[PDB]
Every structure is written in C-alpha cells, then in structure tokens.
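Take a look at the structure set out below.
For clarity, chains are labelled A, B, C, D, E and F in written order, and residue numbers in each chain start from 1.
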C-alpha cells in the first residue's frame, strides 16, 4: 500500500493492488497481538483487527488533486467457508462490494469458479456508465443476474416438478443457465476478454430469449442491441 | 417515646482524604486511608468543585476502592478530596415523602425543600425474618380480567411484568396502580424509574396526577440522562422508602420498579468494569443475589399491618423467557405477568399472555372465602382449554382447518372468544373479579359439561 | 385424475405449511440457541484468559 | 421449540445447511403446489365440461 | 484474636491469624460475625463470613473459635426454623423484637430453658458404651416421641454415672463416661462438624419406596427411602410444590426442609400451613410441623450461608437417621447452593472452570449427595435409618445443560425432569415423562411383588403407551392425523386421557392433594384396562369413532376417578374402583 | 508537561504526570498527538493515542490540555466539514497542501482569521449574567443568520466589560464576567465537553411534527421535532433539505471512504430545494465525516460531537435535525475500543455499556427551552440509520436502536427491488408519536389522524386480500374486498410511490398531503357506498375511471401554487368524484 500510494499520488498512475491471503495476514496479526500479552477477541483474533484491516483497506482510493488512483482487491480465504467469520465480516464492513468464488462452481467446472448470485459490487453503477465502456452495461448485467437467478430456480424446480411441466420462461432460463455456467463464466486461465467482448458474449447468450422476455433491459437498449 | 432521636445529636468529624492512589474505569482507589469501612458513602470533591458521591467496595490495608455514582470522568489525583462519611448510604426518610419527586440518588428534583428526615435508614436494608414474615393471602382486585381471574395478586406479592421494548407495559402498570384494591373491603404507590426515557417518566407523572395518586406517590426518577451507576441504588432507595412507609407507618404500598432490564444492564456494566465473573450472557454471577435483595423486600410481616407489593417492569431483549434477566426475575419473584407481543400485534389490550404468566400467591387468596368457590377450578380449566386452543390453532396452520376434530374446533372458538372478549379490556375499564368469573364461566359454557375435566364435579354441577 | 391431483395438492400444501411453520421456527431457534451457547463458551474462555 | 442438538461448530454448520435446505424445499414445494393448483383448476373446469 | 485486613464482598482476608485451621470457625468483626476460613496465605487467612459484611472496618478483631462449623444436634430440633448456621429464628425474633435478623446474634442453636423428660436406656453404670450408642431417650413431642439420646460419635468409654429418670435441661449433665482415666461429661445435646458425615455401621441397599403422594412420581418414576433425587426445572415448573407435597404426605418419619435461595414467602407458607395439616402415623392425628424442621436461608440472606444451610440440614437429617428414623432431606435449591459457591469463588479469584462454577462443585455435590442413603446406625441397640435427599435443581435459562444440573444428574439416581411447556397450561406436576428416569424401579420389584404385584407391569404398560403416543403426536404434528390406524387413534386418545387425568395432579385440591399408593395403583389398573378393552373391542371389528361415541360415559367415569377422595379409606375407594372396572367392562361388551 | 514512560501499541503510559484529569485529552509526543487518559495509577497515566503511535520515544513530552474531549462551539460551524473529534478537514487540507492528514495537526476547529460582524445584545455592563444567556449576535451566513452567542453554561457572574459592535476576530475577547474575582474572559466561541450534555432549563414534550417532505413518512409514520427516528439505511437527502429544521448536523459519511467522498460532493452540490430560492444546502449543514481509516476514537465520538453541535444550535432556539448514518460502523468502532480496553463482552462481543450509551445518546435529543434568558425553545431531531448487521435485525446495536428510538421507517429491500420509492414497508414501519401529534392535528388538520387510521386499516385489508388471492382465485373475493384492494393499489401507486426526482412531487407539503388524503378517503367511501348500493364492481370502475384518473393526477399536481389554489383544486376533485359516483348509481 505504501508503494501504491507513492505510484498513484506522487506519479499520477492507477495501481489496483491485489493483496492475497488476508486470512494469512489476520493470523499474522493474531500472533503479533498475542505476543504482547493481549487477550484474544471473538474468534481468537485481536479486537483491533477491525482497525488494522480498516487502515490496510482504506489506504486505497482516489484523490481530488492527483490524477492517480488506488484500487484494491484484497483476496481473502474464508475458513470453513463461513461468511460469519471475523475476517470476512470485517472485510465486508470496511470494503464496498464482494466477489465470491464457489466450491460448487469449482467442482462443476473450470476457471473462474465465481458465482454471481452472492457476488456484487457496491459502486458498480459508477463504473458501468455511458461515456465509459458501453451504455448497455448496466442493463445487460442486471438482466444476466436476474436470468441466472431464474435459471438456478428452474434447475432446482426441474427435479421437483418434472422437466416437461416447466414453463417456456423456465426452459429457456435453464438453457441460458447451462450456456452461462459453461460458456460465459467459463473462461480460460490465459484468455483475455475485454469489457466490450464480454458484453457482446453476454448479448449472444441473451439472444436466446424473445425480445419481450427481457424485462430489466431498457426498451431503447433492447431495440439497439438485440 | 422515640429514643432514636437522641443518637442524632452527635457531631462526628469526617476525614478529608486528598490521597488518590489512582483511578481506573468507574473505580477510584484511595491510599493511606485510616480504618476504611466496607460500604461507607464518600463525597469526592472534583477540582471543578462538583461533588460526586461514591461508596467503597474493597478495602485492603490502608487502601480503599471507591466507585462513584456519577462516573469518574474529570477526577484528578492532585486536587480531588474525598470525605469519608463513615456510614453506608442512608436515605433521609420521612412520612412527608409521600407526594414528592426525587432523583436517582435521592436528591429532591421536585424543586421543593430537602425532606425533613424522621429517621435515616440504610438503603441496603436487612433481610426480613422468615418467622416474622406473614404469607400474603389477601387478593387484590387489579381490575384486569387476566390478572384477577388467572393471575390473582395477593397483598404482599411481588409479581413483576414481563414485556418487550415496544409493548405497553407502562399502560398496564398504570392501570394496576389506579385500580389496585382488595376484593373484600388506598395504596401508597412508590414509583422507581431506572433508565426510562423522558416520555415514559412524564407519562407516569401525568397519569398519577390525572388519577390523583400523586398525593400518595414518592417518585424516584432516574432517566437515561442520569448516571448509569446509580441505577443500582435507585431501587434500594425506593424499597427503603416502601419498607418505612409499610412496616413503620402501617401503609399498604405499591412499589413499581420500571425498566429492571435497564437496572440489570447497569449491574452488568458495573460488574464488567471490575474483573467479576460473567455468569450467563455477561451478567454478574451475583445478579441473582442483587435482584433478590431488590425483590425480597416485599411482603407482609407479623405484628405490622403494612404490606408492600412489588410490580417490577422488565424489558426482555428478544421477548425471551430464557434471557438471564427474566429468568432470574421469575426465579426470585412470586410470579410474573407476561405481556405478549403476539397479542399486541393481533390487537388485544391488555396483551397479557396468560400461559407464561403465573401467580404463586393464587393458591392462597383464591378459595371459598376470599373469592368465589369456583375460582381455582375455573382458572385451571381456562388455562387447559386456552393451551389446547393454541395447539389446535398451530395444527390448523400446519394441516389446514378441516383436519381438526370437534374438540379442536371448540378450542379454536373458545380461544377466539377468550382473547377477543375476556383478555381484551378497556384501558380505563375495571372488572370485578366476580364479573370476570362470570365471563370465564360463559367461555367454559361454550364447552359441553363432559369435557371440563379440571372442574371438580360439585363445582361443575353448582356453577354450570 | 382430478381426485389424484386434489390428493397430491392437499399433501403438498400440508407439507409446505408444516415445513414453514414447524421446521423454520424450529431450525431458526436451534441456530439461535447454538449461537448463544458458543457465545457463552467464548465468554467463559475470555474470562479465564483475563484471569 | 428447538432441536436437541449439542452446541458445536460442526452442529452449527449442519443446522445452517439444514435451514438453507428447508428454505429451498419450502420455495420449491410452494411453487409445485401452485403449478398443481393451476392444473387442478383446469381439471375441475374440464370435469364440469 | 486477629485483625481484619481486607473486606471485598462476602470474603474477609483477616491478617495476624497464624495458627488458624482450614474451615475453622471464626468471629469476624466487633459484632462476632460467623465465618469460615477458606485459604491461609501466611498469617493472612481468607474467611467467608456467613453474615452481612457492610460496616466491617480494617482492624476489627477476629476471634478464632478453634472448632469447625458445628451443628448442635439434640432434642428440640424437630419443630423449629433455622437460619442456615442453626440460629433459631423464633429465638432471634423474640430476643430482638424486630422483623429483621440482626448481624451477630449469638442465640443458642437449641432452647436451653426447656426441660425435657428423660428416660434412661438399657445402659447403666459400668457398661462399656461406644460411639453412637443410645443411653437414653427424651419425650420431644406427641409425634416424635422418645427422641433417643445418642452418645457422640468418636466418643467412647465406660459409663461412670448416668442421670436417673426425670426432667432435665440441655445444659444439665446427663452422663459421665470414663476413657483412659479421663472423665467426659455428656449432655442431652452434642455438636458435630457439618462438613464430615456422621458415621454409620454399614449402609444398606434401599428397598422401601418413598411414597411422594404425587401420582407420576409414585408410579412412573418411584423413589426409595434412602436415595438421592433430582428435580430440575425452570421457575414455575413445580419443584417447590413437589418438595412441599413430599414433605407433607411422605411416609418418612421426619423431614429436614432446607431452603437455600428460596423465597421467604415459601418459608412463611410452610410455617403457616404445616401445623394445620395432620398425619395418620403414630396411631393419632398430630400436626405435620411436629416432625419437620426448616433450615431457612433465603435468597436475600448472605451468600456464603447457603453452603452452611445445606450442610446443617444434611447433618440434622444424618442425626435423625442415626436415631433410626426414616428421614428425607429436601434441599430447595442445590443450584442456589452452587450459585453461592460461584459467587464465593469469583470473589476469591479461583479459575472459573465451566460457566464460572468452581472446579470443586462436582466433588462437593457428589459428597453431599453421598451423605444420603439407608444405613444401620453406629451403635447398639441395632436400628436402621435412611436419608432421602430430594433436592430441586434450578437450571439457568431453563436448560438441563447447566453444570449444576449435569453434576446432579451424574450423581443422583432419580431424575424428575420438569418441562416448562407443561409448567405453563397448568399441567402440574409438569414432569417430562420422556427424559425423566428412576433407577430404583429394579430394586422396588420386591416391594411391588409383596404388596401390589401388578404395579411394575402396569407402570411399564403406561410408559410404553406414553412413548408410542409421543411418537404418534410427533408424526401427526407434521403430517396430520388423516392416516393413523385405529390402534394409533386408541393410543393417542388413551394417552391424552392419561395426561389429562392420571399424570396431572392438582396438589391444592382436596381429592388430588395426596393420591396414595393404593389409589394410584387402582387408577393405573383402571386406565390400562380401559386401553386394553378399547384395543380388544376395535380389533374385534368395532370402528373407533362409534366406540368412542358409545363409551364416552365410560371414558368420563375413568377420567373422573381422580375425584375419589382418599380420606374415605382404602376399602371404600377400592370398592368404588372395582365397580368402575366391572361397569367399564360391561359398557365395552354391550357397545361391541 | 509530563514524559512518556511506556508505549505498547496505542496504549501510551506517561510518568511524572500528576494533575491529569480522568478522560482528559493530552498532547502525546513531539508531534502533538492527541490522546485520552483511560486510567491513572499515580504519576503514570495510561493514554490511548488517537493517531498512529509509531515513533514515540521515552521522554517525549506529554502536554496536558486540561479539558476532556470537547467540541469548539461557536460561529463558523455551519458551512464546515469535520472529523470525528472535530478536526477541520477543509482548513487542514488548505494549510497542509497535501491529500493526507499530518499526524498531530493542530489546526483550530474554527477559523480564527475570519472577522465576524458582532452586534451586542440587550445585556449591558454591570448586569448579572447566567449560563446560556444571549449577550450578542453574529451574522454568519445568509441561510443561517443571527448566530446568537451564548455564555458557557457553567459560567456565572456579572458582566464587567462587553465589546461594542464591529467586526471581531474569533480569538479576541468579547466579554469579561466577574464572579468573586474577574477571572473570566469570553470570546465568541466556547468549548463544551462532548460526553457531557448541554444543560437546559426544562425539557419539553415533542409536539410539532418533522416535515420530512415524503408523503409516506409525513402521513403514515410521522416524526416530531425533537424526536428520535430509526432507518435501516433518498431519505438522507430529503431530511437534509426538505426538512423544516433550521440546521442540520450530518454525522454520517458511512464506513466506506467512497461513501464519505460521495456525501461530501453531494452535500455542497445540492441546493435548498425546500423554501429558499438561492441558498446552498451546506450553508446550514455541518458534516461530521469519518472514514474507517480515521482513528477509532474519532469514529466512536463522531455522533457525540454531532449531537453536541446539535444541542449548541438548539440552545439558540433553532430546530435541528441530526441525520446519523452508519450507526453499525459506530458500534463496530465502540466494539473495537472495548476489545482494545479488554472490557468483558456482553452480547455478541459488544461491550456491556452499549445499550446504556445508546439510550443516553438518544435521550440527548428532545425539545427543550434553552438555558438562560431570553426564554427560547429549540429541538434536536435525531434520524439515525440503524444499518442492520448482516441484513438482519439481530445485532445488539440494532436491537437497542429499535428499543429506544420511537419511529422506525423500515426501508424494504423487496420494495427497493420493485423500483419503489421511498420503499417504506408499511407492515414493518411504525411511529409512536401519533398520540402526541394528535394535538397539533386537532389544532391544524383535524381529519388527518382519522384519515391515517383509515389508510392503516385499508393497508391491513389489502394485505389480507392479497393473501386470499394467493391462496385461492382472485375472482372469488367479494366486491367490497376487490374495491378495497383496488383503492389500496391506487394509493400505493400514487400517494406512496411519489418519487422525489420529479419536481411535481419532489417534496409534498403537509397541506398537499392532507388534500391527497381527503381525496383518497372520499374515493374509498364512494366505492364502499356504491358496493353497498348493489352496483356491479366492473360497472362502477368503468364509470369512475375518470375519478380514479383525477385522483392519480392530484398527486402529480404541482404544489408550487399552494395556499387555497391547491385546496380549491382538491375541493373540485372531491365534488366531481362525489357527483360521478352518484351519477353512476
């Protein structure tokens, strides 16, 4: 973070630090705290872990005077895959948004095992704008999230009510879920997808629907892109 | 006549300690103390001139550990002077206290003069001799059908009120105060506020003024603004006042201890300030003993006509009986009046849930001479059939209304007409215990005579 | 077919009502009790470490 | 009104999984009931005809 | 004489006391407060004073008595109430003229002015008397007559002189025993340390049942005379009422009712009601109060005195056991004793162990519960007594996972669990028939085969009916009752009837205040015969709905059998019950 | 000046330091770091330094301020952004010319260089003066005029010398008060301990309503001036401008730094959309902004500093609405301080005093007559965003907030997903101030409580009808139930879904809200009468489609005209609806 602060603010460049194993950092903080004869907090971790993680995280951000920026992707390792764990809880409190990697997705397929239902970005609306990237980004992403949720619901409902009894909007949603978890999310470890190419692929998946089915997308965007 | 006055004419100089070995949290430690007592109240004079009042809690050799009631903020080692009164905290008690409004520490906030003390009584008091304590066996017609037919309250009972944060416990407790009276022919209410908000305190004051009870009430208001350490002594002051007014003045006394959850929260804060045991849910291991010191000061005594009835008002955090405060309070007290959030949301006033409610002084004071001879059997049958109705309602929710049998349908009808007509009652309407028993008998007459297995057959033949 | 569908729908609705009203309060209360109990154990350990 | 489960971290996780499965089954069975109710209304109309 | 060094709560670390023994009784303060030494750190000696510590100054004298906390056994205990350290509350009230208990009152534990008729025993001058031998008896009251005077344990020698028959006070000499050339003078009373159990010749396997008087306790989960009993349950479950009913209507010769942490109003209720009640024992109607003493240490009394109250009560029970009587101690809250222990431990600074209760809590509970048991008295003449400890545990939060409850279940033999669901809805006794157990059902087969041979079989049949109905209710509550078989419906109906009529007992109603063993056995026979007749009639082909419609009268007669007052006698009540079964059998054959 | 004796994390022990009051702020180190004394053991006094404690050496002087954590009350607060402990971030940036906050920066919380036009009050030399008595006035800003200067509440004595009118610097002495020695000189500003509440002559019942502008919050769940309010956390912007409070104390900015930047940018950019043509919103709102990077003590004391500022503005007679945000972040900071202090956890790791501190903080709010002459009345409305932890109302902080706060507005996630605004869940939200507000409603708008109760009953019946339509066929419902459901749907579409973006319904006033309430009540009564008369529901709907359209357009009617023009339009609409309903029969 000191190197990022230097580069971004005294050099006017964008950084995007990627801190790995915040769980390992928290364990290191645990050992440093307990070496000073201090009682452990809730889950053994020091009570001031919130303050320390707040310093480490909030060391990032944009400033008015300088043209640089410090984005941050602190990559945690949730013990026992528990969100109620102190490190995930404090990180969710301090940071804005969260990206989840799913064990079910990892078992089912290949990189990246990221599920979109529990993963969201709080300042997404600012990044996905009109002048920056494309004007259809927000509508496409919202539509994809809604149809992925409906696809998961239909996949659960198929084994309950039979495949035939599913509605048209459920069969199409199941097909979209298959082509989504298998072609859109599924990305090679070395292949690079620009934002525009990713949006084009998202539209390619979204075109299996009738134009009336896509409800979250604005009518102008539907007329121009679909 | 009274020889306790002669001991008053004795001036006793008190040491002024400028020695403060250190202050940590709400405790200030003194050094070089000449023969400290164990609960003597001391007057800390801060450098700014404001005088806090504290009491010692642990006294090693030439060392005393004072906790101040108004917090330790602003205490300096060099300039604070501590004056050792040499006696434990002693509220000045007089019969003229009836009609006054005091503060959390006993200071009069009524803009009047200091109480012309008739005797100084220690706030901690002393346990009442069980041989010298009479069993309270005189019913109190609280007007409320639930508290008069199913949870009848004796003269010396200490039955509290269990409720959640938003429930109208204050509205019910004010109804009891204005309607408290013996079934077979005025109470001197003593009101203690511990951490209640200004709206609640003003509501109680205005209700007492409106009903005219303010001429017989000595309010001890300790609002949320008041320091959090003197919530401990406020109920002690109220109970000392009630103990005087009953056992030495021959007055039947109601003692209202509102926000005992706030009192226990203050107790937990005091305990966690020291290195005390955490008990359950963080509350001190001696919380049972402290709550007992509070509650057990009620009751009637032999040879003295005065009686004290305690109606503490609790605030269950999650409306859970399993919480330490309601659990220990129901363990110590002689019952409880459970105010139901479910009934309140349904629209019933009073929203008293009788199933968690209990009155241990009902066995006596319910009979063939104090109330009607059918009272106990009627109440037992009402609990049985109301619980059966609640179980039938749960079964209705689970497997539809059609699956219920004739008994379950009758139970549902009885529960509807019981919650809607019997428990439900106007805020200013009082019902005689006999009228409430007649309504209960109508509700039982919903059922056929055969299904009433809790009514003794003689009573069933005579009253059906 | 109508009679069989009526029986199946009745059984399913009874199952949904049972699941919700019984299980979800039951499992939620069990979760709350377990959280409280582990909180108490953590508090006892904290007190022992403070001593 | 609580399951007789010994308080433990493994027990807590098992009960969270049970709660998630119970909610999923509740939603799925309610949707199945709605579908079967639509089919039953259609069957009743066809039976009258 | 030492000095006080530190006063923090109910513990007083007193300095300048080199030579103080562990658990040695002291007198802390100018008012001579009663305290016991816990730790001895050099000349310092931490003391748990059994009174109020408010007002103790640093420097107050502390006397060393030299002897442990010693109860004062002897005549005059039977009809009294004690303060935990064996201070007669009546004497305190009469001496103080105040409704309070003054700090430091040193009234004698036993009335010294009262003159007791003394009848010398078979021993005379020259007979070698041993510890625990009976050298005389005194007439205490009409019920407890011949309050046998026992030679103190560990006291032995040849009788030099014995007091002739007459009237004596406690301070007057009664006996002189010569041991190794040193004469020892013995009075009517004698002291005994409460910590050490009174010795017995040899304990015996308890076999006679303790007839509680409650239907479920006496039938489903019986307790023997001489066995520990546990009654957990949240507030309002019925532990105090069960204890009081057991003390009122038990077959025990004497009661030691110990209240630690219990309200003063319960003590007032006992003092007010026990003299009113009467017992049919000893061939005459005498008040219950004449054979029950109360150790009253309420919740607002000093914390440290709850342990002293428990130990004083158990030692009084052990004394009346050594007298050859069938005593039953009733500790009102072992949980409150444990909470007192936790408060003392936290004030001292020991390691909290589990929940804050001290690590020695399990051992202390085990020792206290091991004090009980049927035993042969120490000395000749041979006589056998028993102490049944029926202590009501009070779990925190109404959960049976508390450390006190777990230790008590581990050490005791009978567990009468109470469910708050049945505590509400007025279903007392609120006994949880699923978790409750009694381990004396095996040994009680001798008594059952001797008196009521069908009692164990009927109890087992009722238990299995209750278990089947519990399973049926569990499955029905989630899957409805539209698929049950006729046998399942019969089981559910009969078990609901059992819960509504048999298991539930209104202890405050004249008919159900005391259901004796014969009435309970007859009603079990009635209910089991009803269930068997219904099962046989339905298996014959009769529809259960029509059978219930036709036999509603028989069902009402069975369910109303509790109203038969036991005061009519065994012959009258059993005569009505025999007609009840005969009519029920006829009304099940005519209907079928 | 003492000396540092021990440093172990942010726990500095200073020796040879005798005379340090409890909780007294000190200047730790050579860089003038600020820290509070948390315990004293004689000469040694343990200090929790607010900023980073790295680099502190043994023997570093520890200066003594002599006062506890205090807020510099006085002119110059209104248009300023502050930190948790009132660090003037704007002036700090201007002086340092850097994006960082230098450690131990000593920029005064109030601009000492600006000149204030002081006008002496009625008090003259030689007159006895009491705490809180107004002895002058200062023109601070256009939106906030007559910044009345108050004597410090603890101060007492007689006036010895008062400066005449003119432009005075904030550090120049303005008044000398003698009390057993003229040892008191008072400038335009005074410091007040932040934890210690500002005294008042008498706290009064909160009766006058808080007009939030939103129709839902002003009709179904009203709040009173001087009353506490709860929000799960559009509402914040509405209270900032549309509220009739004469001042605003925003103590939010959230835990996220991006949220703080967005709030700071939005507050200065937004103008007075309420009454006042040309006036910035920031001209009356002080921003106590604290990010997670800020010291934990500052994060915990942000709300206390804000409430003390609000009580200072109340002591001048101004109605103040202190919008509090990120109360979950404040609770996290309090828990962090508790864990640092080793305080025993009480519930879910939170300290034992959380409920007590929250209750005292909310009891700070209330309508009260200000201390000292002239007799004047002020109010401190608190609107604290509860911010439930983990999306559930199970946190102890959330439970305490719902227990002490009197109004819960209950923003609904499902309603927000339904694109509804303000998306307040009518089934969960509540307001305990209706009983008190009945007095003002009888005084001004008599039928408003009856209409509100009618809509509450209508909403309950609508929920019942929705449950019935979910269970069985919708057509199986009765005509009255269908009419009630349609009326409730229209109410939710027009009355409640009034978006603030459009200028037509940006801020519905109380008179427009009452007109809409009367129109809806009249429509419901006419529908019920038509149903009772036996007319078909479909025919009645076909005939009264015009009336329904008029009722819907009543919400869209511009409130700019106001006065009787809006009232006259409602009367014509009500008369037309009655005539149309009668004609249909």
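Everything that follows uses one rule, which is that contacts are C-beta pairs under 8 Å (C-beta built on N, C-alpha and C of every residue); 3 or more make two chains touch, one makes a residue touch a chain.
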item: Intersection of the contact lists for subunit A and subunit E; value: C
item: Selected interface, B-E versus A-D, where C-beta contact pairs are more numerous; value: B-E
item: Most central chain, Cα average position; value: B
item: Separation of mean Cα positions, subunit F and subunit C [Å, integer]; value: 39
item: Distance between the centres, which are taken as Cα means, of subunit F and subunit D, whole angstrom; value: 44
item: Length of the line joining the C-alpha centres of subunit D and subunit E, rounded to whole Å; value: 50
item: For subunit C paired with subunit D, centre-to-centre distance based on mean C-alpha positions, whole Å; value: 13
item: Per-residue multi-chain contacts in subunit D, two or more chains; value: 9, 29, 32
item: Of all residues in subunit E, the ones touching two or more other chains; value: 352, 355-356, 477-480
item: Per-residue multi-chain contacts in subunit B, two or more chains; value: 277-278, 280-282, 398-399
item: Inter-chain touch pairs (all); value: A-C, A-D, A-F, B-C, B-E, B-F, C-D, C-E, C-F
item: Residue numbers on subunit C that touch subunit E, as the complex places them; value: 14, 18, 22, 37, 40, 44, 47-48, 51
item: Of subunit D, residues touching subunit C in the complex; value: 1-3, 5, 7-9, 11-12, 15-16, 18-19, 22-23, 25-26, 29-30, 32-33, 36-37, 39-40, 43-44, 46-47
item: Of subunit C, residues touching subunit F in the complex; value: 39, 42-43, 46-47, 50
item: In the complex, subunit E residues that touch subunit C; value: 349, 351-352, 354-356, 401, 477-480
item: Subunit A partner contacts - residues on subunit F that touch it in the complex; value: 8-9, 99, 255-259, 261, 291-293, 296, 328-329, 332-333, 335-336, 338-340, 342, 345, 349, 390
